[PDB]
Amino acid sequence: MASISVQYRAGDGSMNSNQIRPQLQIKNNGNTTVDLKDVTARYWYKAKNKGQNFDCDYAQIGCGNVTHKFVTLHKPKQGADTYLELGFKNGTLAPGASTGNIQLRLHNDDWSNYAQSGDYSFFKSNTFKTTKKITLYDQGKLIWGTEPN
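In structure tokens:
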């Protein structure tokens, strides 16, 4: 299996009301030294607008030039067409603040308000902990891309 451990917490199948903020616990359990300098995650959500922005709540992965991605597709696969997330460009230069937890605020744009009680209803996430939680790339390649089922 992989060398990274991640946990997810938020809601089983609740709505959004434009105001959301999912939290997760990402920690390299199978590695002693890891840098979030070339790690980027990818999340999905049913919408039209490309989101609004994010707010820092609680993090311990250093700091840097983390970039935010935001795109929209006209393909409602399961229950999401819009894909927004972040890409860490740093975190530390030595083992220490590379294994902790990540929690932030997620404010969407009040242009197209939707609820995740439709997509999460068929997913039932935020209840299991698997190595594969979402689609993300690390070290220059893709490794994860699936929710805990």
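Residue 381 in PDB author numbering is what sits at position 31 of the sequence shown, and the numbering runs on without skipping anything.
Just so you know, even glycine gets a beta-carbon here, dropped at the ideal spot from N, CA and C.
* **Entirely enclosed beta strand (DSSP E) segments - the stretch 358–421, minimum 3 residues** => 373–377, 389–395, 403–409
* To do: Measure how close the beta-carbons of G450 and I411 come, nearest whole angstrom, since I'm counting them as under 8 Å.
  => 7 Å
* Assign residue 326 to one of two classes, buried (16 or more other C-beta atoms within 10 Å of its C-beta) or exposed (fewer than that). => The structure shown does not extend to residue 326, since the chain spans only 351 to 499, so no value can be given for it.
* **Beta-carbon proximity list for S355, same chain, < 6 Å, skipping 5 on both sides** => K377, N379
* Length of the line joining the Cα atoms of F473 and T382 -> 33 Å
* **Per-residue DSSP class, three states only, for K439** => coil
* To do: Starting from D488, trace the beta strand (DSSP E) both ways and give me its first and last residue.
  => 485–488
* With distances taken from CA atoms, which of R392, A409, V421 is nearest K398? -> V421
* Where residue 545 and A409 are concerned, what is the direct C-alpha to C-alpha distance, given to the nearest angstrom? -> Since the first and last residues shown for the chain are 351 and 499, residue 545 lies out of range.
* Endpoints, the beta strand (DSSP E) within which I354 is located -> First-last for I354: undefined, no H or E at that position.
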